[PDB]
Amino acid sequence: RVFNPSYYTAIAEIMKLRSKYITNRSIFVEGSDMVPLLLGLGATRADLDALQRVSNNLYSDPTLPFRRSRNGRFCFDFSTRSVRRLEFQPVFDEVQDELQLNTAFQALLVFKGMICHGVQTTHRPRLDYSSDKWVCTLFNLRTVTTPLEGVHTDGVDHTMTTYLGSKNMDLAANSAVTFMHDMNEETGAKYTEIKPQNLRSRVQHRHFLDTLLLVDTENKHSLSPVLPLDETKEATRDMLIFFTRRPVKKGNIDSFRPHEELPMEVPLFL
Amino acid sequence: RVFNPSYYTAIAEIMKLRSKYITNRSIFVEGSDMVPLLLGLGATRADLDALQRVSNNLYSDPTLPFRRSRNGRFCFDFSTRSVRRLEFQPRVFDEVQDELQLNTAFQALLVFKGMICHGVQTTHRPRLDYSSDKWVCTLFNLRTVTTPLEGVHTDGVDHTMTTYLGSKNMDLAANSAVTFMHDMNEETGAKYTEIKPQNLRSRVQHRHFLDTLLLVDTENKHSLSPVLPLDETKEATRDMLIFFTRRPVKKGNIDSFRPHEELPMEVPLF
Amino acid sequence: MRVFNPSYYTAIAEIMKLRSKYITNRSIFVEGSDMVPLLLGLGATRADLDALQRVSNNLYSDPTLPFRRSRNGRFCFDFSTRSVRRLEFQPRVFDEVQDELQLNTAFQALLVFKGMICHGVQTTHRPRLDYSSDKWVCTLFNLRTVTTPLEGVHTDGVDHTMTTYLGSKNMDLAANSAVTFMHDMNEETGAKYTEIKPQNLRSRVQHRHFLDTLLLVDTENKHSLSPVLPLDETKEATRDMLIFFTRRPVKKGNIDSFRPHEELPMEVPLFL
Amino acid sequence: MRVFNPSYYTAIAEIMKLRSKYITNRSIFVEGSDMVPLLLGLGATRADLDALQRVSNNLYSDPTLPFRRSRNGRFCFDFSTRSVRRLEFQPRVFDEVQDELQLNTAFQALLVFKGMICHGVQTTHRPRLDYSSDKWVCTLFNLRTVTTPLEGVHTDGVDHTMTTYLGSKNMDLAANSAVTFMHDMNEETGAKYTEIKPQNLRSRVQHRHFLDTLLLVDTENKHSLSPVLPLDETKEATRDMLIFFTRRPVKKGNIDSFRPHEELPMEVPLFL
Ligand SMILES: [Fe+3]
Ligand SMILES: [Fe+3]
Ligand SMILES: [Fe+3]
Ligand SMILES: [Fe+3]
């Protein structure tokens, strides 16, 4: 694949998306536009298919009936030019090989690393920007609405949310909508309080692989509730949420030990 | 030029923008991305330069001292597959002159618009004739003057394009000459004191030469905030090309499609 | 709806590049791997590209001619209507090109491809032809040759010749089997391909893969073809080609008929 | 910052298409108009592309051959460092390639282009060379030939040979002036180009325009070059080339020196 022209054609297109990220500090990419990029990176058509089913095997906690999830820590390592699964750092809800060995999921990680690489952003004082590594915390999350966070940043450098599917979800333009604000919006606000003068744009995932990427230090955001289409049945929404930041600055530090039982490491560049 | 590869490469890119227009019902294209498109269509570098000066020769009416403008009516004719200057329809001293309409970057902008809007299915205004193979494009070259209002609306047409040519002493704060895009449920006539954030789709702000917003006028509402002066002691100006494109009035005042006898102009669309 | 498809214009852009190379070099060879995305961009379906590898199985067989099976048809590149159309037979005829070929969208893309390139290219004018016309005659042969256990250096007497490879059977590729040589105008008309002078050789080409395509200016190059050589000498070897002979009509001052075909009609736009 | 430039990756994507054609055909010929955007995409500046047409004016000149002016240098494709570097001279010498050429970003792009294509291409292994190595020796000649009012069919003894045209003066072209013929392995070593057999001819090319480039697998082709012909017979004719001879090191079972050049250091990445 290091010799495959479609690989480099895909990188060219991703470099164009990266220029737009630089300029706007966020991008929304339609899932139909992500598919050829991910294929070019090495995703198989069977793994794109399997991506739409992996959310069925997320962990169910009875103390959290409105969400099912798995999560894992990855490292974008720009010395080795690769991304690898890291050991658990504070367990039955770890991301499994089913997701992390999926080549389309791996393509998504490569996609994000390629875009965020080299992009100058606001530096959070608690983080170490002289490092050559990033920590990416990935959540595979199914939310469940049975018949509320306000405006915020996630405390990282780059956030990516990729839609995998949903069930009984209304697309009524107020359902699971991500609002994007400039920094002058009040970090507490709900929708009764958000000011139009501070709203940049409004996005809604609806189709497989719809992807939103945002500079978390330079936007604030909020996400409206999932609305059920058939109000009598449950609605679910399946997402991959990637939280990527530089390591914690030393004088609680991040462990960069690879995972022992669930190892994984894909090249970033070929 | 019908033989020039860069012409078809430009069309291919325009067709990608056209797909995004179909999906989102508007597009914003940065000036740096417009330039190679206009070149591929036939714009010379000298005419791109001259486009930044043509707004100095606009008509000045003492009746309105905050606007200097010229205007002209054009026809996108899809049976002759060309666009032509139409005669004046209500002597008149603020007609667009050859300085603009024979400029090849201006001509490229007309071709750009026609190619994107061609074939795009939209909401039909009852007072207009959508079985026609001709469109009326009313073009204003407009300099606004802020020497030391309209509210949320549609323009009454099918497609509106606003392209930035330049400005002087313009503040680039997040509220200076910003175009707000609203869904249809925003109240017509509302000013920014009452626009609801639930109904705000996007906001854009022209900033650089050839920044271009294109929108389906029957399926968005919009508003344009005032130009703010950087140095508050001096006047601020903003130079735009505003294209108002619609099907002709249904006959059942008719539009005249007689060509301009004194200022003819006709460029192929293809 | 292809008129709005970005890949249509991307294909045209690449075809315009090939056209510039044709103007410069007076011939071009395009590998089939490079032709496939161009034809797709023009409207060829992958089913029709597949079916193009079978149409040569239905060519006409005459006992008069045991080493060749063939069908042919006359087409018109009409640059007033900006389309290409099937013309009537011009001399009971049983070896006419059929809808199986001429309605194949990959074959149609091949015609559009050629018209797009040759359009506007200034060439040497044959005195017997009329270059004021807006119409070209394209005589197309679908030809299977058979070698079982010929012509020298020549021109075809037209303006542009295109030869596109569809397939073969038991053909030895490593040898100089079915090699097209092109020569400058000082090569001896009629010379056998073994006797051609290297000093007069302008190009050497060999179709080997599906949709390998040679296009040449027939008035400014001479050419010659070497025999098909069988890989296994004990068996027959076959080679399937589309051969497009395109020229301006004969000058009034026998004429070409431009009547469209009444029973096998066909017309597609050159530009969408 | 070119590592973030989309046109860099677009160039590479086209280079990899050429590489597949090279694998299939065991040679490729790239017209200069097609090379220019590739070299630009790799990092060639347009000023350096202009200056490449002048560097052959400063080649070394010796009375032993009044028909040849040249400079040369050894480079190493190092696929462990993923870089190409200038190596020290290995046999007092005054015809060394200078910084004028080797720091030219278009020349550097030509080196990158070659390593990118040849990398990983499986070829016939010369017994005298070491194909377990991760380094290649590239001997580059910048060469101006002079014709004023020899070698036959051969191999160069390397793995891959590239010839890029920089310019010419008073060169005839209608004739077979400075035509490169390629032959299969059954053509007779030492044959004069006038006496090669068409049945063993695998291609014929002729550099004509700035950056026309021929790459060939030297172990699986033979080749020959015809003399430069002057357009005006009463004047001298010149032809300016870059000739890249690339091979695996000599098997240690004279050894190639991989010490870097100390007066004329140069090292550029093959991949950004
Ligand atoms: Fe958040
Ligand atoms: Fe308006
Ligand atoms: Fe012939
Ligand atoms: Fe040689």
Side-chain angles (χ1 to χ4, degrees), chain A residues 1-25 27 29 33-34 36-43 76-83 107 110-121 134 157-158 213 215 244 266-270, chain D residues 1-26 28 30 34-35 37-44 77-84 109 112-123 134 136 159-160 215 217 268-272:
Chain A
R1 179 153 283 289
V2 73
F3 301 120
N4 188 329
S6 71
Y7 175 69
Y8 298 97
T9 302
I11 297 162
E13 177 59 40
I14 293 161
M15 289 305 129
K16 302 200 176 139
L17 290 175
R18 179 179 177 282
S19 298
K20 178 153 231 211
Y21 193 55
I22 299 301
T23 302
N24 294 147
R25 324 307 288 174
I27 56 172
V29 182
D33 294 325
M34 301 279 304
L37 303 180
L38 293 201
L39 290 168
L41 289 186
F76 289 110
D77 190 332
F78 282 100
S79 319
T80 63
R81 283 209 150 179
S82 63
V83 48
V110 178
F111 173 91
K112 189 176 177 175
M114 288 194 137
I115 292 186
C116 297
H117 185 39
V119 176
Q120 284 201 352
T121 65
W134 307 72
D157 298 309
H158 305 278
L213 178 50
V215 182
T244 301
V266 48
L268 253 173
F269 310 82
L270 260 53
Chain D
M1 296 317 94
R2 171 147 304 274
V3 79
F4 299 123
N5 197 325
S7 63
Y8 177 60
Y9 298 103
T10 300
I12 297 176
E14 178 59 34
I15 288 164
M16 302 284 100
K17 293 176 185 174
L18 294 174
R19 178 176 180 281
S20 300
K21 172 156 63 106
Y22 189 55
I23 290 162
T24 294
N25 296 331
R26 323 309 287 171
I28 53 174
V30 191
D34 293 327
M35 290 293 314
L38 296 188
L39 298 186
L40 289 172
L42 291 184
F77 290 107
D78 186 341
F79 282 103
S80 270
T81 59
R82 297 197 116 190
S83 57
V84 54
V112 179
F113 170 94
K114 180 170 191 185
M116 266 184 198
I117 287 177
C118 297
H119 183 212
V121 171
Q122 282 193 45
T123 63
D134 64 346
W136 308 71
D159 290 307
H160 306 279
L215 180 67
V217 175
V268 317
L270 291 158
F271 310 89
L272 287 186

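Proteins come first, then strands; the chains are lettered A, B, ... in the order of their sequence lines, and each starts at number 1. Any value given below was found using the heavy atoms of this structure, including those in side chains, with hydrogens, waters and symmetry copies removed.
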Note to self: A quick test of your reading: do over 12 heavy atoms of other residues, nucleotides or ligands sit less than 6.0 Å from NZ of D:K21?
What the structure shows: yes

Check: Applying a criterion of heavy atom separation less than 4.5 Å, what residues of residues 113-120 of chain D form contacts with chain A?
Finding: D:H119, D:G120

Next item on the list: Pull out the residues in residues 10-19 of chain D that come under 4.5 Å of chain A, heavy atom to heavy atom, sorted by number.
Entry: D:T10, D:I12, D:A13, D:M16, D:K17, D:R19

